[PDB]
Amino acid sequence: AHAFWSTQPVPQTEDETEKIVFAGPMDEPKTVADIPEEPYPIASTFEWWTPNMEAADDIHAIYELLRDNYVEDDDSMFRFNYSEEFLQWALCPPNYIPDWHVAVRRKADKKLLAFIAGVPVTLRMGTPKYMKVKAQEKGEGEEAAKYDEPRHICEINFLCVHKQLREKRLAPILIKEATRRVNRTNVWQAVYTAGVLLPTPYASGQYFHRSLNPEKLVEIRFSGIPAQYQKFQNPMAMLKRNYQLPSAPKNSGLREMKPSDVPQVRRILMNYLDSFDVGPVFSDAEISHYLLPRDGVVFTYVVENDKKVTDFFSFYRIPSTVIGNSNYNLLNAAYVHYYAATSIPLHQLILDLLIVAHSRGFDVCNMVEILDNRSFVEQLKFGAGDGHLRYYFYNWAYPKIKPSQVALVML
């Protein structure tokens, strides 16, 4: 049983969601006025804190909590080390709601003990195309289309409870208070992802990694020298040769994205993302925020032909603490972010992403099999990793879809 999640408006079993055919709310309709105006009660030794995610010292406080207590791999070899600059970027997009950043601290010393963050997103999340088809066959098209319009919902991430406070049921409380604050803004859905299985994902995809620094990856035991490299003479030279990349990008026309590229990037991105069942909608302000280059944070390159932007890719940086190891403290990872190709095959565009990342000092490039990420796996030498990333809605009935029908990247 799930003492918490059984109380929530989410489907409860894989069996419930296999039956779902239309997109729509799960819960009773409610109004801002129904929602308690005061924070959810917590123990008197604690207090709720809304950090100011533009005060360097509050960012630093969140930074430390996540550095020491946020997501690790299943073998506790790595832990994400999101940077302060990354956290400010991810938590403060245009029109963000400071109240959706929710922390608990110890009343005494103000030691930060838990956090969860919501940000706004405009998401297309109506009935998927294949259900809309069945709907038509059956005369149920208006039902199928009722929730087609993009919705302003909340994106939740960075849920974290201090290692000392684990399994004390604090995470349900964080989630309830976040839910209250968001509802008080008259928002009734959320989208979130996790590596863990909860009730109940609408989509799940494997991770993929592309070695850029295989000697470092083997040394930290992220990668192995596969047993076929055994009956070879000097494995590490072969491994390095297998993953070697050009020193410079191959697409003439490639350069970093510029603020004046914003309208064209927006158009080619929206045209592309619009083909997926679930995906965000971005204004020019959101394209500038999420895609303009920002040092050590996000890296975005466009292909410009005939003074026109016809393709682009982006990746973002999240270092991980290497937990065991002598020689290394940090793993430097690039994650494929949004992209669009109109003039070249997708593998030729993403090869330049790998070349750039490698040339800028990244050890590995990671992604999940959403978008059309599967279309370049084999040719660019990506391998399936261990985790699955599961996608979830809160308060939204949604049929099970494949991850290749998902166009929302989660930071």
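Between two forms, the rigid core is the largest collection of C-alphas that superpose within 1.5 Å. In case it trips you up, residue 1 is the first one in the sequence shown, and so on.
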### Message
Please tell me which region, 324-332 or 264-272, has C-alphas lying farther from the displayed form on average in 9 other deposited structures of this protein, with superposition done on the core.
### Response
324-332
### Query
How do 230-238 and 202-210 compare in 9 other deposited structures of this protein: which one has C-alphas farther from this form after the rigid core is matched?
230-238
### Task
Would you tell me which stretch averages the higher CA B-factor in the PDB entry, 138-146 or 174-182?
138-146
### Query
Looking only at CA atoms, which has the higher mean B factor in the entry: 386-394 or 20-28?
20-28
### Message
Quiz for you: based on the deposited Cα B-factor, which of 124, 317, 258, 107 is highest?
### Response
107
### Task
Just grab whichever of 229, 188, 192, 207 has the top CA B-factor as deposited.
229
### Task
Report the third (lowest, middle or highest) to which the CA temperature factor of residue 244 belongs, ranking only the modelled residues of the same chain.
middle
### Task
Determine, from the deposited record, the chain-internal third of the Cα B-factor for residue 279: lowest, middle or highest.
lowest
### Query
Comparing residue 410 with the other modelled residues of its chain, is its CA B-factor in the lowest, middle or highest third?
middle
### Query
Looking at the C-alpha B-factor of residue 252, is it in the lowest, middle or highest third of its chain?
highest
### Query
So where's residue 235 on the chain's Cα temperature factor ranking, which third?
highest
